[PDB]
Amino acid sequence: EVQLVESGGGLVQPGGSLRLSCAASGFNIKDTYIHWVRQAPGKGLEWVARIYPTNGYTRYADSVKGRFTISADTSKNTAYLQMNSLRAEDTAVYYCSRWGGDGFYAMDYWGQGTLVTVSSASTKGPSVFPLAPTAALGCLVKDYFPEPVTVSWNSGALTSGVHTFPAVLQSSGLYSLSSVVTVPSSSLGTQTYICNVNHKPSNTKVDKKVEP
């Protein structure tokens, strides 16, 4: 089937550079236009740039014109977005897409997206504290940067009743979230509840036992 797979995002300093890649499978990018579309946190979709790989003709949004360069290598079936002079306003999930049927099918296939965070703040792994206890219990995942973190319970064996809240940005500039779960009161003190926290940007993995 058709696939578009992005790579290259991450945390970068303001004023810096970063190159994203979009690897196409199941079709030849010589046949279509390839696009980059981005989405700032909590905002809508914004087209960034397009390229026609056969002749390399490009178009850009005014917001990135001159700073960004879209390119493609048909022999690698891959397109690229070279980002320069990066600003905080460029923080977004970057998607690549194609025009299907020379545009008739619009953007029919999209990549999974790659998160680009433009910030001067350093990476920091979270501290994990128990939210001790139908009963409710959880874990407080505090003071980390950048996004994202993932949380599971009992290595995935506990899923029903779990609510992992979206992170909030604290006044300190660090993120924080809680993950909670409701369980039968009769299970406390014997059944073990462990939250599994992963923060890939800082290479931090924490398993925290939550005891009453």
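So that there is no doubt, residue numbering starts at 1 and follows the sequence shown.
Chemist: Going by the record, give me the number of deposited-sequence residues missing between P133 and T134 as none, 1 to 3, 4 to 9, or 10 or more.
Modeler: According to the record, 4 to 9 deposited residues lack coordinates from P133 to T134.
Chemist: Hey, which bit's got the bigger mean C-alpha B factor in the entry, 36-44 or 164-172?
Modeler: Per the deposited B-factors, the answer is 164-172.
Chemist: Taking the recorded C-alpha temperature factors, which stretch has the higher mean, 50-58 or 25-33?
Modeler: Comparing 50-58 with 25-33, the higher mean C-alpha B-factor belongs to 25-33.
Chemist: If you check the C-alpha B-factor for each of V197, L20, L188, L11 in the entry, which is highest?
Modeler: So the option with the highest C-alpha B-factor is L188.
Chemist: Checking the record values for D102, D108, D90, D73, which has the greatest CA B factor?
Modeler: It is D102.
Chemist: How does the C-alpha B factor of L137 compare with the rest of the chain: lowest, middle or highest third?
Modeler: Answer is highest: the recorded C-alpha B-factor places it there.
Chemist: Would you mind checking where the Cα B-factor of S119 ranks among the modelled residues of its chain, as the lowest, middle or highest third?
Modeler: According to the entry, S119 has a C-alpha B-factor in the chain's lowest third.
Chemist: When the modelled residues of the chain are sorted by Cα temperature factor, does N77 land in the lowest, middle or highest third?
Modeler: Lowest third.
Chemist: Split into thirds by Cα B-factor across the chain's modelled residues, where does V149 land: lowest, middle or highest?
Modeler: For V149, the deposited C-alpha B-factor lands in the lowest third.
Chemist: Which third, lowest, middle or highest, does the CA B-factor of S155 fall in along this chain?
Modeler: Within its chain, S155 is a highest-third residue by C-alpha B-factor, going by the deposited values.
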